Every structure is written in C-alpha cells, then in structure tokens.
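From first to last, the protein sequence lines are chains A9, AG, AF, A8, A5, 5B and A4. Residue numbers are given in the authors' numbering: position 8 of the first sequence equals residue 396, and the series is strictly consecutive. FYI, in the authors' numbering the residues of the second sequence are 193 to 215, 221 to 320. Residue numbers are given in the authors' numbering: position 90 of the third sequence equals residue 501, and the series is strictly consecutive. FYI, in the authors' numbering the residues of the fourth sequence are 664 to 679, 702 to 713. Residue numbers are given in the authors' numbering: position 7 of the fifth sequence equals residue 502, and the series is strictly consecutive. Residue numbers are given in the authors' numbering: position 35 of the sixth sequence equals residue 189, and the series is strictly consecutive. FYI, in the authors' numbering the residues of the seventh sequence are 29 to 405, 413 to 499, 509 to 597, 610 to 666, 679 to 690, 731 to 759, 766 to 776. By construction, the Cβ of each residue, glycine as well, lies at the ideal position given by its N, Cα and C atoms.
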Amino acid sequence: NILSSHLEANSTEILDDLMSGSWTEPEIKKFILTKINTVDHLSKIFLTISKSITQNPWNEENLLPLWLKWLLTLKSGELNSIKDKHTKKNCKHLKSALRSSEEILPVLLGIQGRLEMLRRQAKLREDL
Amino acid sequence: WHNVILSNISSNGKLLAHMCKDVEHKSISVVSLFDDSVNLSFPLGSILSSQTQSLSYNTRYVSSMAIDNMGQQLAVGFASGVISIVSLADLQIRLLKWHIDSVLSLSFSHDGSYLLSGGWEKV
Amino acid sequence: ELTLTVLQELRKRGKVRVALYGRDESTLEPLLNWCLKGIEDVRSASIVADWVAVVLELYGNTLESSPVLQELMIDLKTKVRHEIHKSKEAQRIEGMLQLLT
Amino acid sequence: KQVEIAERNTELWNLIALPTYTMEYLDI
Amino acid sequence: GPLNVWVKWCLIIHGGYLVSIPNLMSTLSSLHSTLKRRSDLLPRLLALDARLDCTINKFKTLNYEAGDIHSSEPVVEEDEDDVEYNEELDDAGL
Amino acid sequence: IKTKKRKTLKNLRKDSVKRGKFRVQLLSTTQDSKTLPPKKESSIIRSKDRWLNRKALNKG
Amino acid sequence: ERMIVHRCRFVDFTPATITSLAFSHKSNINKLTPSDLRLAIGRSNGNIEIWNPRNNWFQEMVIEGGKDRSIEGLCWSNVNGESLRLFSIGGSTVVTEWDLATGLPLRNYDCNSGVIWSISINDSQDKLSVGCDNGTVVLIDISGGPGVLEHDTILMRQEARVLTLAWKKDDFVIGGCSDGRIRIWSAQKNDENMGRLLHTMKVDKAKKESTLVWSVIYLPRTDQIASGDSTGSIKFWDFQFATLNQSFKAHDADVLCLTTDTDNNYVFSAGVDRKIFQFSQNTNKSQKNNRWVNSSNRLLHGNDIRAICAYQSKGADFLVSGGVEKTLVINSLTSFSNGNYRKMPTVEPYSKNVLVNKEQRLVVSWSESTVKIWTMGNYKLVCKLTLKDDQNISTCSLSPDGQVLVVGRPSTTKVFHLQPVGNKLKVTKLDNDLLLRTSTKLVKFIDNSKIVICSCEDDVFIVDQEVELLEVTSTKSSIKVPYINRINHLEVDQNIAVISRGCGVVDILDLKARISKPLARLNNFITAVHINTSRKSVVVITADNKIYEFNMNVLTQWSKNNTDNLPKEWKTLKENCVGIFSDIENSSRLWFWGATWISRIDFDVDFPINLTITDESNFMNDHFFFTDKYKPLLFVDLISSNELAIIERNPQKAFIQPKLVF
RNA sequence: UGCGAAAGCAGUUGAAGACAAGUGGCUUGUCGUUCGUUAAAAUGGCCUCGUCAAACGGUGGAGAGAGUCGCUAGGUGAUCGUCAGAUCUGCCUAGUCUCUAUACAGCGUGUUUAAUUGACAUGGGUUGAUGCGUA
Numbered sequence: 389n390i391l392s393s394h395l396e397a398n399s400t401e402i403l404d405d406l407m408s409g410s411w412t413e414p415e416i417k418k419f420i421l422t423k424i425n426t427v428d429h430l431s432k433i434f435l436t437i438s439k440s441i442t443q444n445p446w447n448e449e450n451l452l453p454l455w456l457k458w459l460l461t462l463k464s465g466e467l468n469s470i471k472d473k474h475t476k477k478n479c480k481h482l483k484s485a486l487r488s489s490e491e492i493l494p495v496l497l498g499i500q501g502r503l504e505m506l507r508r509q510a511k512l513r514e515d516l
Numbered sequence: 193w194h195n196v197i198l199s200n201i202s203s204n205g206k207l208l209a210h211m212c213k214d215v221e222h223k224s225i226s227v228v229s230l231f232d233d234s235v236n237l238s239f240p241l242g243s244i245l246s247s248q249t250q251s252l253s254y255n256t257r258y259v260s261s262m263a264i265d266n267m268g269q270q271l272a273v274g275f276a277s278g279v280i281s282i283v284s285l286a287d288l289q290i291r292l293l294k295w296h297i298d299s300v301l302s303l304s305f306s307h308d309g310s311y312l313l314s315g316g317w318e319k320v
Numbered sequence: 412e413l414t415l416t417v418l419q420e421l422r423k424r425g426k427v428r429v430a431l432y433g434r435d436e437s438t439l440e441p442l443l444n445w446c447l448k449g450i451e452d453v454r455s456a457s458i459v460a461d462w463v464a465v466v467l468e469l470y471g472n473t474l475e476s477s478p479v480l481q482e483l484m485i486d487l488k489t490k491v492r493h494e495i496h497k498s499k500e501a502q503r504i505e506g507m508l509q510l511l512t
Numbered sequence: 664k665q666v667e668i669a670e671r672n673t674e675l676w677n678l679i702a703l704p705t706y707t708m709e710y711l712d713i
Numbered sequence: 496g497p498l499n500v501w502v503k504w505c506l507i508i509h510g511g512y513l514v515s516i517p518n519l520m521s522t523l524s525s526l527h528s529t530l531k532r533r534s535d536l537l538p539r540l541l542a543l544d545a546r547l548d549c550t551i552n553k554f555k556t557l558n559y560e561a562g563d564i565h566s567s568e569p570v571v572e573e574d575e576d577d578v579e580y581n582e583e584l585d586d587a588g589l
Numbered sequence: 155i156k157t158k159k160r161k162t163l164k165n166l167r168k169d170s171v172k173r174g175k176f177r178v179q180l181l182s183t184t185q186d187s188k189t190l191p192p193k194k195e196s197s198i199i200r201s202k203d204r205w206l207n208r209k210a211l212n213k214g
Numbered sequence: 029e030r031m032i033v034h035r036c037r038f039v040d041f042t043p044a045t046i047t048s049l050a051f052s053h054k055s056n057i058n059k060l061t062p063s064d065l066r067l068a069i070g071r072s073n074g075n076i077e078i079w080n081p082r083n084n085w086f087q088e089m090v091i092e093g094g095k096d097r098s099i100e101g102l103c104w105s106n107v108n109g110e111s112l113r114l115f116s117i118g119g120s121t122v123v124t125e126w127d128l129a130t131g132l133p134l135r136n137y138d139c140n141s142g143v144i145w146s147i148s149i150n151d152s153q154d155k156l157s158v159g160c161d162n163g164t165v166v167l168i169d170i171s172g173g174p175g176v177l178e179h180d181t182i183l184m185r186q187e188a189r190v191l192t193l194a195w196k197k198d199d200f201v202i203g204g205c206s207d208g209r210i211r212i213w214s215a216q217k218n219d220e221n222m223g224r225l226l227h228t229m230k231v232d233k234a235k236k237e238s239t240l241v242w243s244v245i246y247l248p249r250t251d252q253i254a255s256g257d258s259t260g261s262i263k264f265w266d267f268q269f270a271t272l273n274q275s276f277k278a279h280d281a282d283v284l285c286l287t288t289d290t291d292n293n294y295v296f297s298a299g300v301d302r303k304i305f306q307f308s309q310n311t312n313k314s315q316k317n318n319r320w321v322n323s324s325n326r327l328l329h330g331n332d333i334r335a336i337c338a339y340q341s342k343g344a345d346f347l348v349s350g351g352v353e354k355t356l357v358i359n360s361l362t363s364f365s366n367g368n369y370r371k372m373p374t375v376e377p378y379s380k381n382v383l384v385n386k387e388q389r390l391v392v393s394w395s396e397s398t399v400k401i402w403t404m405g413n414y415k416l417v418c419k420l421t422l423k424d425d426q427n428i429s430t431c432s433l434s435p436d437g438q439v440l441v442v443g444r445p446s447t448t449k450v451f452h453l454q455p456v457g458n459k460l461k462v463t464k465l466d467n468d469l470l471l472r473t474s475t476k477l478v479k480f481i482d483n484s485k486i487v488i489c490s491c492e493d494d495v496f497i498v499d509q510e511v512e513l514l515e516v517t518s519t520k521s522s523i524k525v526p527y528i529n530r531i532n533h534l535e536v537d538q539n540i541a542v543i544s545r546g547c548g549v550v551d552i553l554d555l556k557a558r559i560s561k562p563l564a565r566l567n568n569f570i571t572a573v574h575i576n577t578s579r580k581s582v583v584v585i586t587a588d589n590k591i592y593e594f595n596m597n610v611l612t613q614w615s616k617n618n619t620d621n622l623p624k625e626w627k628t629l630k631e632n633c634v635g636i637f638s639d640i641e642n643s644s645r646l647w648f649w650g651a652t653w654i655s656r657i658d659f660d661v662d663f664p665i666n679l680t681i682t683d684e685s686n687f688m689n690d731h732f733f734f735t736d737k738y739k740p741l742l743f744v745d746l747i748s749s750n751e752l753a754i755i756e757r758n759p766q767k768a769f770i771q772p773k774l775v776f
C-alpha cells in the first residue's frame, strides 16, 4: 500500500528523504522488515540515513534508528561491501556521533537514581 | 664471488658455502678455502621441492645454511620453518620439520651427526 | 575459578578462535551452558561476553541449522537482560548515594 | 525518555550445504 | 535483586543521618565497591546483548520467512512392503 | 507376525535338527562350494579391525 | 526446452576398503614394461579388481565375491612361459586360486592348519607360504601346473599367530608374529635344518599394550629384513647374525604395510596413522656404510593405508597405496617427496550398477545382493529386491516398457515380472531353469521378450539360441593374461548386436543369420561401444581416449578427421569414458560420460587445428560440449527429449593428524 | 602516519627497473631492486633430572556436596474443564532452614612472619586388550 508507494518512490531514482518520510508514515515492524527483504540493492540509503542520524543522534522518533538497526541486522553482509570510499568516513562519523551516548549513559542512570530517591522521599513525607 | 646473499663457514674453517643470485633464480656454491680440495656449485631449484614453487615465498626463502667439517652434507634452513640436509656428492635432500616459524640458526657437530637449530620459538 | 582461569589463559595466550574452530552443535553446548551460569557473576562476565561474542561470530550458520542451541541463545538473551537490569539499577543506587555526599 | 533514547542508540553503536536431489539447467 | 530494595529504603528514610556523618564512603565502603563492580561492566554486556540479539532476531526472521514449511516437510519412510516382496527366500516360502 | 518373522525365517532356513541322541546335518552344494570362497572367520576379522580401532589410538 | 538436469544423489553404492595390492610382474628396471603387467586390488567386501596401468590406469576385469566374503592377501605367480596365476586368502582356512578367464575360483585348497593370516609366494614361484592363526607356516607346492596345488611341509610350530610372511630366496622364510617377535625358518629342502625355525628376534615392545609385528620384507641388495610393528617403529635387521642394525621411531601408530624398490635404495612404509614414510640409502656413503636414513614423509591418504606396493621399470616407476578410505593413490618411486601424485576416484564404473528406463521415469540400482527401484516425479522408492537366496550380484537389465527385470551373476540368473500396483510394485519370479543354470555376464534385451546372454565361458545365447562365433589367434599376451580374449561388451537394439573383447577386437553380429562379419581393426583395450542407428555405425572408444566409428551392413570420414581434430579436454583427459548413449530428441547426436565428466559430441562438426606406463612398450599384444561440475559421478542417462539423469555418490573415524590451528 | 587521553581528531595506498607465468608485443603477479611520500598455510609446536601418601602455615572461594516437597518470592507445563477450577500429592529457579574432613581452589614449608614428614631395590622378565559385565 503506502509501503509500496514508498518502495516505488525510493526505487525509481529520487526522493529519499521523502521516501523515509513515507516509510515513517505507515511504519510497521513487519512491513519495515519486508521493505528490507524485498529490494535487491539500495541507492545509498545507508548514506542518507547516516547523515540523518548524524545530524540528529537524539531524536524522539524511533523510525530512522529502527530502520538503521533492521538494515544492519538483515543486510550487513553487503553494507560492508557496497562501497568503501565515502562509506568509510560515513561509518566513521556515524560511530563518532553515536559513541557519546555510550559515554553518558552512566550519568543519565545516576540522575534517574537521584530523581527516584527525591520523588520517593517526597511521596513518603506526605504530612499524614 | 660477485653477488652474495648468504654465507656460512664450517666449524674448522676449512670450507665455506654461500649463495649467488645468478640467472632464473639464486644458486648455491661451496668452496674449500685453504686448499682446492673441493669447489662445487648448483642452482638451488634442484634443492627445492616441487611443492614450493606453487606455495608462498617463505617456502623458498632461505634464512640459514650450514656445512659440516667434511663438506658431505649441507643444511638449508628456510623461512617457512623447514630444514633440508642435502648430500653434496649427489644432491639428495632430507627434510626436517619441527620449526613452526622461521629457522634462524643452524650448526653441525664436529662429526656431523647432530644438527643444532634455533628459531623464533625460544627452543 | 578453574574454568575461569583456563578461559582467561586461552584468551590471553592464544586464540579463542583456535579453541573454538572445529566445533558443532554437540561440542558447543558445554561452553554456552556454562556461559549461562558465568554471566551472572561479576568476575566471569567479561570473559563470558567475549567468548559468547566470538562463538556467535563464527557459528552464525549453526544458529540457523540447529534449533537446540537457538533456545540456548534465547536463554542467554534473557540472562543478559536480567544482568543488564541489575547493572543499570546498581548505577542508579550509585547515583542516589552520590547525591548524599 | 532520555535514558530510553540513549539506550537505543548505544545499541545502534554497539551494532555497528547440499541436498540429496536438485534440478538445474545447462547449455544445449 | 531482593536485598537492594532494603538498601534504597535505608538511604531514602535515613537521608539526614548519613549525610551528617563525616565519612560516608569510608563508613560504607563495601556498598561503594559492590555497586562499582556491579555497574562498571555495563558497556560490556550492552555490547554483548546487542551482538547476541542481532543474531537472534536474524535467525528468527530468516526462520519466520519459512516457519510453516517444517511442519509437514518430514515425509520419511522405512522398510515397507517392498521388503516383504523382496525376501526371495520368503517369497519361495510365503 | 512382527515379533516372530526372524524366528520363522531362521527356523525354516537353518538345518541340522536334533533327533534324540542324533543330529541330522545337511551336506552343502557343489554350486556354492565352487562359485565362492568360504566366508571369513568373523573372530579373526573382528580381532584385526578391533585392534586397528583400539582406544589407545585416538580416532576421530 | 533447455536441458533440465536431475542431479540425483540417491544411490549409496559404496565400495570397500583396499586390503591388498599386488603387481603381476616383478620390477626389472633396465628392461621395458611388459605388456602383461596387471595390478590386482583386493577389497574388503571380497572383490578383486584387475587394473592395467597403461595410459592412466584402466580397469580390465572385476572378480566379485559374495556375502560375508573378504580378501586379506593375494599373490601373483608367473613362471616364465606359463599363464598368470592369482592366489588369494580370505578370512578362512583355504587358499583360493582364481582362473582369470571366467572370474571364478578354479581351486579352493584347504590349507591343513588353521585360519590363514598371511600369504607369500616363493622367489622362482614354485612354493607358497601361508601363515596361520595357530602359529603354523604351511608350504604349498605350486609348481604342478595351473590349478593343482599340493601340501608340502608344515614348518616348525609356535604359539602365536604369524601375521606376515616373506621369503629370502628359495631358501629361508621370515615371519612376523603377534607376540612381537620375528621368526626365521629355513624352507631349504634337502638340508639338515629344513623346516625348523633358525632364529627369533624381538622388537621393542609397547609399554601399555601388546606388540604385533605387522609387516616384514626382505631386502636383497643388502642382507636385511625390514619390519614394521604396531608401535610405529621400523627396524632393519641383518639377516646373518639375525640382529638389529638400526631402529627408527617413525609412525605414531601401527605400520601395516611396507615395501621396497628394485635395488633397495628406498623402503616405503605406511599404516593406520595414514602417513607414508620413506627410508633412503641412495648415497654412496649410505651404501658403503649400510645406513638407512629417515628421508621423507608424506600425508596423502584420508583414513588408513592397508596395502602398499611398488613397480619400477624402464617407463614406469610408481608406488601404489590404498587403505580404509576406498581410493587408490599413485606416487613416484624415485621421486616420492619431490614429484606428484594421483588420487584415483573411489569408483570408476567400468561395470555399471545403475540403469534407468524412460517409461515410468524409473531407475534400478543394485549393490551387493539387493536391487532397488525408484521413480521420478521429487522421487519415490517404489520397490526393492533383497534376494538373500542369492549371495553375490552382478549385472542387470530391465525390459523396455519396464515389465521384466533380469538379474545375473556368474553362477545363475533370475527373471522377475513386475506390475506397478500404484505407490508400490508387485514382483514375481518367473521360472526358467535354463536361466537358472546358465552363467551370465551381460543381458541386453533384443525385444520385450528376446534377450541376448553372454556367458562367462564365452557363449552367446538368444532366449525368449546360439550365435556362431569365430575364434581368435592365441598369441603370447593372450596365453599370458588369460582373459584378453573374453567378451567384455555387447550392445544391441533392434536385432543387431556388437560384442567386444579386450584384445582390440570388436565384432558385430546380425541376430537373424547369427554370423560374425568381424571388424577387429583395433590396437588396444576397448573402453566402450555404442551403436548409432543413424549412419549405420558402431562407435568404439579405446583406452587411449580416441573415438572411432565404423559402418555396418571401414571408419567414416567423420572419424577420420575427428580423431586428430579431437579436443584438448579429450587429449588431457584422465578418466576413461565408461558410458556412451545417443540423444533422444535427435537420432544423430551422441552423449557420453566418464567417472568425472559429461561430454557430448556433434555428429557432423569438426573443429580446427591451430605417472603412467609411458615407454615405447606396446599394448596387450606382445557443437561440442564438455562439463565436469558433476564430478563424483556414477551413471548418467536420458529420460525424455529435454531432461537428464545424473546419479552420483555422496559420503568414518580416522587417525587425527591435525592441521595447524591458525 | 601525525597530534593525542586511555576516547578520538587530520592524511592515505605513487613512479621506475628487472624477473616469472599466461596468451617480439599484450595481460597479470612478484622483487634478500631503486626513487618519492609525515606513511595464512611444507602435517610443521617447547627436554630429562622421582612418584605416591599424609600433614602443617598463610591466601581466596562462585564455596565442593547432600537433604528437608520445611518457609519466602516467583517462572511455567500435561489432560479435562464455559469459566470456576480439578487432578498430576506438576515441574524448575533463587533465597532461607539442616548437616559434613571447609568438604573446594591456590601458594609455601631448601628458609621463612609462619609452616613437613613418611613409604618405595625410581631395575629386569612373562602375560597383560581377542582375558569382563551387572546394563
């Protein structure tokens, strides 16, 4: 349906950001896997999603990161072999954009502990 | 000797072997120096096996050689790990395979019936 | 500690992959069935992590064929899920008494 | 929600035979 | 699992006594060391469950592409009535 | 019939039954004795291959 | 349509382990290879193949044995001027001498003591040692003529079983036993110490198990005995003084078989640890000091080596070895470590075990004493015949329309009516005592009822009666190798047959008049024969891998330019084409196959121009398509105008000699 | 390769000549060749010199093991059953309860803060693996 519209648009020649938008429109998990299973080659979906997740490594939408993790689950026998000239610095800047969350997961878990302590002692001292 | 790759002298200092690089490949020549008792030479493709020509360059690179006090036998230690005792009167070889990395040093005893070898294992 | 020290000696010394090369379904099940128990402890879990990572790196096709280590990988997944909930909540207690300095 | 997005992109960063009978074709 | 419910309640309720104590870390060192060694390896098992779960759902979706096929694939047989018509001495007999 | 087919097969195939104090052996045929060499002694063939597959040489 | 290909792996026809290799003639380096040299391979299921090492090892004849039959040792005997004679022990109390013509035993001499463990032949080949389980060494007088064997003398007894024998000369007999010792008896008649054991030697025993001396040879250039035992050690013993010169600790497990060359400059040895060791004494200092060196060592076999032998002549110097893995391996004698080697295919089907019929899309296949039939669809096993009144099987044929099967061995044959009852068949014997009494090699079905039968005693019947068959000139190779003038092949369809005997004689026969009209016209052994009804032609292919065709009522112009315009694949071919047929959609294209390839030659086209027995020794006298992607090949055929049937093989504990780990 | 922090941040990967193979050239690949640039594999693995037994002194332990269907918290199954719920006195896990040579592991006791003694002719020969069943 709309997954087929996004498939045809992303397969023809153009409209890759609008293609990921149309993929984010219906946005099924099963159809998300099916759109990776159907196509035989990509027009540097890894490159455009690399620049999107590089420019927003902190977005509340799970759509493009879900698409990236299923692309890397199902097609990484070929993403390491499609291209290795711009794709090398692509994966380099993607990894360096994403390593900071591994750097700051402990402070966020610490602040989560802080806030749970504060809210639970405030629920405790509730003035009878 | 107008091109030398590798050289060794026997324990008594009575003869010396060396390599040549004279064309398709290198060559091996032994010569007694304190007398013209013996001086022979041969291309080392007649030393090398037929398997080594379709294998890596370590199988035909030679990193050690030694001669005994009679000049009857000669030890060619290769960078692949093997040793080969050639018998200089008839150029028949015998392979000794223990070194799993390159052979770095060879020596004979005085009677020529024991061969000391040492390599990248510290054994 | 003896299983841990021979795992660590094979890790430091040579190759996890050499120790794991000629295996199949019936000869990997001891390793993974111990890795279930070793993933709980703090002292073993780094070694258990890299040994499980190497064995799924070089036995990803036996994963497809044999179903009777798929379930072992699933049990290992729920084990690492429990352990990662524990290692997250320990960081939360660490922060909540860092607040009290 | 910050820990949830940090967890998922940490996951993203840490995420970066013969049968018995066939039937095939050959040249005439 | 069960006992750290006790340790979070001791900090919440007695939040004044052990902030007025002069050496918190020196007095409950064993808690600090236990939680540091519990939470120090969290990136490692993050990488472990990422790499594990990736292969797990990889074979799960590849086997869910054909999960109905192995329910009636086994059509195996045995030494059927051809063995009875085969036993030529038992064919001279019966 | 499933639990005695090998019984009736062997009891119809085999010969040399007992008759009181006696035993009535069949003589064989020149057909088999001149078409084939006699069978191997399974005792000595098992001895030789069991030796070559003894436990002390770790086969695999 | 394009060619749709049924790559079948259903037939699990598996041969058995090579247990004994022997060469017919001894070595004689400085004379030409004789035209009568045959290698003999006794397997462990009881069949004896006989191969000829001319032009990459074709297989002349096969002598099958039946249920629970094996063969442990075999020796040749050729007194100069008389026929070859082949004796063999099984696991029993008899020696079995075979006549090479029929492929049957012509003598079962029961040796008069116990179960035979080893056999050896005297030098000058008038006596035969059999070494038995009760410690006896029995001498059998061989020189009475081919067939007649007498008992001569039981040598002085002992306790333990003698597992290997050798002779020094006509004089002494050496024997390695299962108590770790090596006895030396004197078989020199008319001496005072005839038959009594002169010496006993004891090898270095294993610490934690019993030691068995498995292989003993005599080395005539020096005066030693070489001996391999079950510790892996190989010892060389001075014969006079009966004592050890030097011991090598070579193998890791038992040394089952060891052999030597002509001038005893090398001793090769092999066993269950699956390496072949070479011990050399070629240096002048080695020969003047009597000092073998452990020269080299090769790993070529997969599981074991149970038999090793060596041949060395002016245009042939190879050692042949085989073991638990069923394949043969050829190496060079004087160039063992340096030179190359050839691992033969595990089966080269010179005698087939599979054929198909195009109606019902069905295929029959017979292993030892059972046949099986399945149909294409997938595929379904419709019937099988595990006839156990039988003991040994041989060749088989089905009627066109798939009605009656006929199975046939050299003792009898039997014909079975078949009726497809749906998802099964019904099979019934139809009695004919002429068939039940006749010996059959080949049955090939003139009609739906008429078959032609080639008997093992060179008779050609036509049943359901007698073809006149002219005689062949008996030359020296025909009297030496006594099966050369025997009918190998016959091919027939529609009342016109052609037979083929391996002297280079291929004779047509009209089934009406039953007269020969010979077209012998050949130079060596004939690998296969197929009749082309288009062109009115016979198509022979010989062991040299040349395709000749001739007409009927000499070779055509297509043969005359094809033979020397033949492709480079055929000119560098290693496995002989064992089967030819013609295409089904076109009556003129022909489609043939060896054991590792499939080719097809075109009837009219011609293409443009621009470790063997290799000497000047004679033979036994005195669009083009090529593929090999179905190389472990057993049988191919056709079904209809677009599909093909390619039935092949597919695969045991072994001594682990591990590859280097990284 | 450079700067760095253990993270990372910038840079890449030319030329000549000779030789080998394949089909004088052409292609490919090498180099115990030169100039410039900051720039996986030859079946091929580690010595003897004395073991065994029993202690003792420090050091670690996930304790090595066995029960109680005894408590606390759970996860879950077979068959029937509309559910309700039945029988399996359902199973498994963790903690608790009870007991043992701390059963477990490691280093040391030649002098050390500490802590050891004793057996044995440390050989040769014949069987010993085809002699064996408690499964």
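Endpoints, the alpha helix (DSSP H) within which residue i is located
{"i": "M596 (chain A4)", "result": "Per DSSP, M596 (chain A4) belongs to no alpha helix (DSSP H) and is neither H nor E."}
{"i": "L547 (chain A5)", "result": "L537 to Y559"}
{"i": "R472 (chain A4)", "result": "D468 to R472"}
{"i": "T184 (chain 5B)", "result": "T184 to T189"}
{"i": "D404 (chain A9)", "result": "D404 to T412"}
Helix, strand or coil at residue i according to DSSP, with G and I counted as helix
{"i": "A338 (chain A4)", "result": "strand"}
{"i": "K277 (chain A4)", "result": "strand"}
{"i": "residue 1 (chain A4)", "result": "Outside the displayed range of chain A4 (29 to 776) lies residue 1 (chain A4), so it cannot be described from this structure."}
{"i": "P562 (chain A4)", "result": "strand"}
Enclosing beta strand (DSSP E) for residue i [first to last residue]
{"i": "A572 (chain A4)", "result": "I570 to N576"}
{"i": "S229 (chain AG)", "result": "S224 to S229"}
Pairwise C-alpha distance: residue j and residue i
{"i": "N447 (chain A9)", "j": "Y470 (chain AF)", "result": "35 Å"}
Residue from the options whose Cα sits closest to the Cα of residue i
{"i": "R513 (chain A9)", "options": "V502 (chain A5), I516 (chain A5) and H509 (chain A5)", "result": "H509 (chain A5)"}
{"i": "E515 (chain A4)", "options": "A564 (chain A4), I202 (chain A4), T473 (chain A4) and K196 (chain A4)", "result": "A564 (chain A4)"}
Item to complete: For the region 308–329 of chain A4, enumerate the residues whose C-beta is nearer than 9 Å to any C-beta of chain AG, in chain order.
Response: Those residues of the region 308–329 of chain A4 that come within reach of chain AG (Cβ to Cβ, closer than 9 Å) are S308, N310, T311, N312, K313, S314, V321, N322, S323, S324 and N325.
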